[PDB]
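Next comes just one chain, in structure tokens: the form deposited in one PDB entry.
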């Protein structure tokens, strides 16, 4: 049965990680990571999360299965973060949330739900986007098309090109937007651009799908959701795949949500029943520990305040490294304008380095980024900044 199977394409990212491990050079620096690291180069468990886990250890009296859609408190806290307290979507009971195994799990549940219950055939994603978006949608039998996004000259959002690209999208296609902290570019629409996009998507009949894995990392929790909320104000229907992996540092516990929105309570409940059927046929019901930690924190004033401050500290450290990177590049004689780095949001930015500059940085200097030139600024520290920038200057 298995003798003819072709090996999966080797994953460029994990191949890089292996090379990094083996590399025996002392001054080595990994900017290819896809998670937060702190100033000591660690990805710690948050304090608020440890306090919540101690409380669960003391108070849980069963591990009996959750419902298919997971912990109710978790779903309510999620909708409030997405749409805001007092949102009409919430008051009008127009949204239903399934807790899922990560944002990736939420994207797959959305994809299976759409493939099996609607006429959707195609999802539009930005060029560039996260490479796993394609695998997930394709696995559900959906085609993925790309729309233009990045102006490589001013290192900004090429808005006219985006709009002109999406002209090719037909009514009933899905269009995927990153809620904030676009991955890999760190370039997000302004609120006015989000509003223009919300109106255009309504007029063209696009189903918006928001991928919202970095809420809190661009400007703050409420601000980072303004784009989504501009869409929700204008559309009867949308889907949000959100993640708590990064903003709670809960990556391996698989804590995300798929939120379905429809015109009214009757319609969303009927459609959500098929989303629950899609989950039942996949992993049945979601993992409790990470989501229970989130609900425990979000629903307790003291814990939520500690966590909100931890998230602010990560966001601020990221901004500090963006600034220190640009200053140090200037000081080490780069000459080029890297000021676009200060404006970009979240952990990631296209450095503007070519795939060959990236390869050279790795081979000659032991500095690792991914071939697209994406760097994770949270991999930078005050200690490794000078060597990192010296190397980058050497390959420019």
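Numbering follows the first chain given and starts at 1. Rigid core here is just the name for the largest C-alpha set that superposes within 1.5 Å across the two forms.
Averaged over Cα atoms, the B-factor as recorded in the entry is higher for 20 to 28 than for the other of 371 to 379 and 20 to 28. For the two regions 343 to 351 and 43 to 51, the entry's Cα B-factors average higher over 343 to 351.
Across the options 192, 266, 160, 112, the residue with the most elevated CA B-factor in the record is 160. Ranking 316, 282, 167, 247 by Cα temperature factor from the entry places 167 first. In the deposited entry, the Cα temperature factor of residue 128 places it in the highest third of its chain's modelled residues.
When the CA B factors of the chain's modelled residues are split into thirds, the value for residue 336 lands in the highest one.
In the deposited entry, the Cα temperature factor of residue 256 sits in the bottom third of values across the chain's modelled residues.
For residue 108, the recorded CA B-factor ranks within the lowest third of the chain. Only modelled residues enter the ranking. Among the modelled residues of its chain, residue 150 has a C-alpha B-factor that falls in the highest third according to the deposited record.
Below: the form deposited in another entry, not depicted.
Superposition on the rigid core between this form and the one not shown places the CA atom of residue 12 2 Å or more away from its counterpart.
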